[PDB]
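Just one chain follows, in the form deposited in one PDB entry, and it is written as structure tokens.
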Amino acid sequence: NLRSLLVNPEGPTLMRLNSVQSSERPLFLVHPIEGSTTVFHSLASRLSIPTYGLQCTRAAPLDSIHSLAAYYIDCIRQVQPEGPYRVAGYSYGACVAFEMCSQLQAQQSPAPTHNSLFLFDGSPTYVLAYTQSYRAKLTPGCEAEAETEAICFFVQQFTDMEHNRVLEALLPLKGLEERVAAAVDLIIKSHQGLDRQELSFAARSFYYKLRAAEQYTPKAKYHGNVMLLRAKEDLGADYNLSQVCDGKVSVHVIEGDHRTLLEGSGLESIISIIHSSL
């Protein structure tokens, strides 16, 4: 449960998530904001098609969602040099996976790709909505306050700490690196064996991941068909994919909350959707 929100920063970007060895083209699953593909382990074991995960390591460029997506496409081509391509993303990862498919569409433009894109409870706008809901709590222009807010939320994912207690400890500090180091020391106190470097990279990258999400708009609409599998403020029906897609937008409501949308009842529906979708 606990170290599943962490990435080995020295780990591989592309990783097998099942033993299925077949001719059928693989499904690539893109990480949530935590960067790890652990959240997909149940799905990947249950799928009859070869499944890989994309995890966000030291190798990943986080200057933009566009750079991240270009890098993930190059990694995919080390096992599947040619399309068509099956891509899914969960939560934050739904934004990224959508960018990857747009780039792939542009690579073959204007010939249509028969690529498959699945979004698990995310979209370019669903992530954007979340970031502002945090900017709402901040003095505009105060970057130190934004850094503090992001890193506080990260520390809260590991500890039972009250919001304002973490806010106090981070707000004074010189810059991001100091805040990152303060956050790692708090988490290390609760879990000493955890790796310094692992946590440092996780805290730092959490801030840059959020920033890239804020700066993202696709260069144009995604022309491919898309499927949204969203959990049981409210953004919209199709998570406003209609504004970023001029292809078929398919919406399915899936049992569970944002976190439990990939387990139990929700997981059964996702597996049946993917298995028929082929």
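All residue numbers refer to positions in the sequence shown, first residue = 1. Throughout, rigid core stands for the largest set of C-alpha atoms superposing within 1.5 Å between the two forms.
Below, we refer to the form deposited in another entry, which is not included among the displayed structures.
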property	result
Core-aligned C-alpha movement of residue 76 between this form and the one not shown reaching 2 Å	no
After fitting the core, residue 190 CA displacement of 2 Å or more between this form and the one not shown	yes
Core fit, then residue 104 C-alpha moves 2 Å or more between this form and the one not shown	no
